[PDB]
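Report on the following structure.
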Ligand SMILES: CCCCCCCCCCCCCCCCCC(=O)OC[C@H](COP(=O)(O)OC[C@H](O)CO)OC(=O)CCCCCCCCCCCCCCC
Ligand SMILES: CCCCCCCCCCCCCCCCCC(=O)OC[C@H](COP(=O)(O)OC[C@H](O)CO)OC(=O)CCCCCCCCCCCCCCC
Ligand SMILES: CCCCCCCCCCCCCCCCCC(=O)OC[C@H](COP(=O)(O)OC[C@H](O)CO)OC(=O)CCCCCCCCCCCCCCC
Ligand SMILES: CC(C)CCC[C@@H](C)[C@H]1CC[C@H]2[C@@H]3CC=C4C[C@@H](OC(=O)CCC(=O)O)CC[C@]4(C)[C@H]3CC[C@]12C
Ligand SMILES: CC(C)CCC[C@@H](C)[C@H]1CC[C@H]2[C@@H]3CC=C4C[C@@H](OC(=O)CCC(=O)O)CC[C@]4(C)[C@H]3CC[C@]12C
Ligand SMILES: O=C(Nc1cc2c(cc1C(=O)c1ccccc1)OCCO2)c1ccccc1Br
Ligand SMILES: O=C(Nc1cc2c(cc1C(=O)c1ccccc1)OCCO2)c1ccccc1Br
């Protein structure tokens, strides 16, 4: 009971953040019908959460040291649960933006502390391997349940979908309080100036990136904000040289195996993000599956991923992360190749969707556990805070960068085959066939990126003694 | 009985040529101890066959159009059979060279005609697909038989190893005489100047490439012969402009999927040749399996390849050559990755050699049939000669080019890990471990080359109607 409550409590914010993220995507069309926030306002509800999630994440890593990791986990999760209630009673556009900003602040504080808790509470060995498998398991369970919950009761209203995080948020706070021990260490002074410039640089960079498409990549407010991001980043690096208790220990990423590992998760997160988005839009637009049936159809992904994670936890103590990452990616590579050739519209479910999803899930499950263990391998307790934050930050940062290239390929080929860059709701059934072949073509580009990820996975070079022993 | 005698007869030269090559490899050390031809002559027995095999191949493609494809097949195989008897009674170094030259001339005349017989004897449809599988099947049966026969009765004498080709050589002539019909077409005049310059250019290019390492890449006989190859090649291209009945129809390779397909088999053949040479030296030097037990240990490869060829022959009428080539290569990719991580000296047979060999065999067998069908797809009868000759030539030309890069990587890492560039018979068991890990490393570079082959295979764009229908 003590072990089971511990792993469930630690992985709670992974369940909440991913489940809330998918519910937001499902409920975004109906927010437009009610609030009438226009097409400009459609992205602010998504970018508001992302803006402060990425802005405050590096602050949230070191915050667990100077206040405590367990208290930081409850405080961060509690703010998220409260923010979801305010989000579900939004009056207008302004209230919904402030509510989404508050959720990201709560999730920015708690997400790094969740992975840092994995590193600290469970001693290296089978306990950390099992905890890592469960931590990555609830990441996938949340997203599917978001589709099912979002797709199930979105008909009655979109407000009820957001209130569903309150029962889950409260039970995780109850489990965390009654199953985690506040290890009383000496509190460490926070880097005031170092954290201010990091938060300023990250928020400004995200603002410029998000606001570019809306207003223009050279208008002046985009590059103007990017100039402030560059200025803060340079001043942050200069100040961190002589900084005590740094927000980012740059000296730490000189091991020649931390850089390789942290470069791998950066692009591996980009491949995973572009894969979920592309498959999500393809299932929604081409197949027309709807959220409820799409969510119920992805249950085999969760069961398949659970098998891959469970197997890999046992295998990580005998095989190095190098082979397991390549072995898992190899399975995913076949699943995406199969889905790149036999994925026309109207194909049945069992032979064409159950198999590649199940095979791909085991590949993702197998490769996630070794990467997570090697990310948090051999750091300490005074430097595990920021290192966990950077692993989350690089995972999320690689999403838009790779996906931007992929979406350009979808758009380029959709015009080449004959198609329109408008909404799917107006298509000629031949422009819609062009879009069908554009998505299937871009899946090869995602496969090309996955090859590069495996290319630098060959430089990881961690033995299983460092990551999953003692 | 007519179909079985036909397919066995047509692919007989592939059995002879491949089997003879492996027997010469196995028997080379014992030829040295008797004839005492020194290290300089060690390669002249191998390069003499290759020098004239590549030199006369392009002339042998057009030779069936002016004399007859059935007559050319019997004459070529008969000269190979007669040359093997002379090769087995060699008195000294000079006569062994002349005997190997005569074998290559017979193989150069028969090999292009053998693949031309596949295209012309069997109508497009299930007959050609089954004949292609058998044609490729007996290439691998021949290689493994060369190990088993070479390694079995090498003990008594190496001369008996070369006489084993006479019972097989005679029966393939008998089958070809009583199972192939001489389709009486009008004989087409031969290109005199074009064939002469093509033979001169190819022989000089091979002579310069072969004699380079022995004498040096800049001595004057290397670039001097290379100068003759370039002068002949340029003159050959000039006279082929106004050539009636050309030896190489350059205009034919402008379809944008003939170039892609023929570039695939060039580098696909280079990948395959480096894979057998690297695995052959690894098994010989590191594992110390000896020829007889190595040959018996590769019997699962023949059975595994037979399953792959048999499955692919039925699947090629429903799936395009694009997906089958990628599907076959994907299986080979996993086998080579598995062998690149869990292949140390001293590992057992069943878990570490039977599985990667069987999986790799099915992968190669699956990919071989679609490539062969698309290579000979949509040509005719008056241009099938040179097209098949070019396909055999590019397959054989890609071997040394890719293998030169792979061997350079093997050597470089052997020194990096701490090793010696001498023979394996003097090793310190720590320099042999460095060589062991060098071969395992170079298997990754072969896997990188296979990926590039897969990328080019996506541009084939043949439907199954063009290659395996009607
Ligand atoms: C991977 C990082 C490793 C380092 C990780 C180390 C760094 C520290 C963090 C550790 C914890 C994170 C791991 C969590 C598990 C991995 C995430 C995941 O897997 O989560 C499920 C996902 C939705 O949840 P998420 O919100 O997490 O999504 C991803 C995030 O957004 C961005 O990472 O859903 C899917 O799997 C999509 C389906 C997969 C398809 C399989 C292939 C079939 C292709 C056929 C084509 C058919 C259609 C045609 C189409 C054209
Ligand atoms: C101490 C350490 C070191 C010190 C420090 C030393 C210095 C650090 C080195 C950094 C990286 C250098 C190169 C990185 C680029 C990637 C390599 C690459 O580009 O080459 C990939 C290679 C060949 O192919 P290419 O054709 O590209 O090469 C030829 C030309 O590029 C084409 O012209 O392929 C492979 O063998 C990879 C095998 C695995 C792939 C199959 C499975 C998928 C992988 C995992 C996915 C995980 C998903 C996770 C989701 C959960
Ligand atoms: C492929 C061309 C397609 C276009 C073809 C179209 C063009 C026209 C011609 C068509 C007919 C040719 C096809 C014949 C079949 C393919 C050849 C083949 O397959 O023949 C068996 C081969 C020996 O016969 P060959 O003499 O023909 O050899 C090749 C030639 O020399 C050059 O092509 O043996 C082997 O398979 C080696 C073992 C394979 C290993 C599998 C992966 C395991 C890796 C684990 C590593 C463990 C050790 C570590 C190591 C470090
Ligand atoms: C008609 C069909 C057969 C055409 C498809 C063949 C090519 C047009 C495509 C198929 C896959 C593509 C490759 C897939 C992956 C990549 C990796 C890509 O790099 C990235 O994804 C980098 C992402 C980043 O910027 O962070 C560069 C192009 C490349 C080599 C692509 C080059 C073009 C390729 C070979
Ligand atoms: C010892 C540890 C640190 C592992 C490090 C190995 C990697 C640095 C190797 C393994 C796979 C290699 C790649 C495999 C194949 C290729 C294709 C190669 O070009 C070819 O087409 C090779 C075949 C040829 O034409 O000769 C260019 C380098 C590259 C990307 C290689 C670059 C170096 C890589 C990444
Ligand atoms: O995120 C997952 N899907 C999606 C991601 C998206 C997206 C849509 C989806 C959908 O699925 C979907 C939604 C409504 C109706 C039909 C399908 O539209 C914007 C970009 O992001 C996902 C969750 C769990 C498991 C696998 C996945 Br692919
Ligand atoms: O040609 C095949 N092997 C070889 C190729 C070689 C080579 C050696 C071998 C051997 O095997 C071998 C020979 C003697 C003792 C032990 C092993 O030395 C020079 C370079 O070429 C082969 C044949 C059929 C199936 C698979 C293969 Br890999």
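A few comments on the model shown:
- Among the candidates B:139, B:66, B:95, B:113, residue that is under 22 Å from residue B:374 (Cβ atoms), out of contact with any strand residue (DSSP E or B) (no Cβ under 8 Å at 6 or more places or on another chain) and surrounded by fewer than 23 Cβ atoms within 10 Å (Cβ to Cβ): B:139
- The condition of being touching a residue at least 40 places away in the same chain (Cβ under 8 Å), assigned to a loop (DSSP other than H, G, I, E, B) and in the same structural domain as residue B:343 (by TED's automatic domain parsing) holds for only one of B:263, B:317, that being B:317.
- Per the conditions (1) more than 24 Å from the chain's Cα centre (by Cα); (2) within 13 Å of ligand 1 (Cβ to nearest atom); (3) away from chain B (no Cβ under 14 Å), the sole criterion not satisfied by residue A:344 is (3).
- Exactly one residue out of B:456, B:393 is within 14 Å of chain A (Cβ to nearest Cβ), within 16 Å of ligand 3 (Cβ to nearest atom) and assigned to a helix (DSSP H, G or I), and it is B:456.
- Flag if residue B:423 is under 25 Å from residue B:29 (Cβ atoms) and under 20 Å from the mean Cα position of the chain (by Cα): no
- Unique match (being over 20 Å from the mean Cα position of the chain (by Cα) and either within 16 Å of ligand 6 (Cβ to nearest atom) or away from chain B (no Cβ under 14 Å) (or both)) among A:262, A:273, A:250: A:250
- Verdict on residue A:293 being surrounded by fewer than 19 Cβ atoms within 10 Å (Cβ to Cβ), part of a loop (DSSP other than H, G, I, E, B), away from ligand 4 (no atom under 16 Å from the Cβ) and over 20 Å from the mean Cα position of the chain (by Cα): no
- Any hit, the stretch B:380-389, residues being within 14 Å of chain A (Cβ to nearest Cβ) and within 25 Å of the chain's Cα centre (by Cα): no
- Failed criterion for residue B:401 (all others in (1) more than 14 Å from every other protein chain (Cβ to nearest Cβ); (2) buried (at least 17 other Cβ atoms within 10 Å of the Cβ); (3) in a helix (DSSP H, G or I); (4) in contact (Cβ under 8 Å) with a residue 60 or more places away in the chain hold): (2)
- Which listed residue is in a helix (DSSP H, G or I), away from ligand 5 (no atom under 16 Å from the Cβ) and more than 27 Å from residue B:365 (Cα to Cα), from B:134, B:166, B:148, B:156: B:166
- Residue among A:408, A:450 that alone is within 16 Å of ligand 4 (Cβ to nearest atom), within 13 Å of residue A:269 (Cα to Cα) and either surrounded by fewer than 21 Cβ atoms within 10 Å (Cβ to Cβ) or within 14 Å of chain B (Cβ to nearest Cβ) (or both): A:450
- Selected residue (only one of B:302, B:283, B:323 is within 14 Å of chain A (Cβ to nearest Cβ) and either surrounded by fewer than 18 Cβ atoms within 10 Å (Cβ to Cβ) or part of a helix (DSSP H, G or I) (or both)): B:323
- Looking across A:229, A:176, A:137, one residue alone is away from ligand 1 (no atom under 16 Å from the Cβ), more than 14 Å from chain B (Cβ to nearest Cβ) and closer than 30 Å to residue A:71 by Cα. It is A:176.
- Test result for residue A:270, within 16 Å of ligand 1 (Cβ to nearest atom) and either surrounded by 19 or more Cβ atoms within 10 Å (Cβ to Cβ) or farther than 30 Å from residue A:331 by Cα (or both): yes
- Looking at A:438, A:434, just one residue is over 23 Å from the mean Cα position of the chain (by Cα), farther than 15 Å from residue A:330 by Cβ, within 16 Å of ligand 4 (Cβ to nearest atom) and free of Cβ contacts under 8 Å to residues at least 24 places away in the same chain, and that residue is A:434.
- Residues of the stretch B:328-370 that are within 16 Å of ligand 5 (Cβ to nearest atom) and within 22 Å of residue B:135 (Cβ to Cβ): B:329, B:332.
- Flag for residue A:443 being within 14 Å of another protein chain (Cβ to nearest Cβ), touching a helix residue (DSSP H, G or I) at 6+ places or on another chain (Cβ under 6 Å) and more than 30 Å from residue A:112 (Cβ to Cβ): yes
- Qualifying residue in the stretch B:417-436 (condition: surrounded by 15 or more Cβ atoms within 10 Å (Cβ to Cβ), within 16 Å of ligand 5 (Cβ to nearest atom), more than 14 Å from chain A (Cβ to nearest Cβ) and part of a loop (DSSP other than H, G, I, E, B)): yes
Backbone-built Cβ (ideal geometry, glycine too); neighbour counts: all protein chains shown. All of this is worked out from the model, or read from it or from the source named; no laboratory read-out is quoted.
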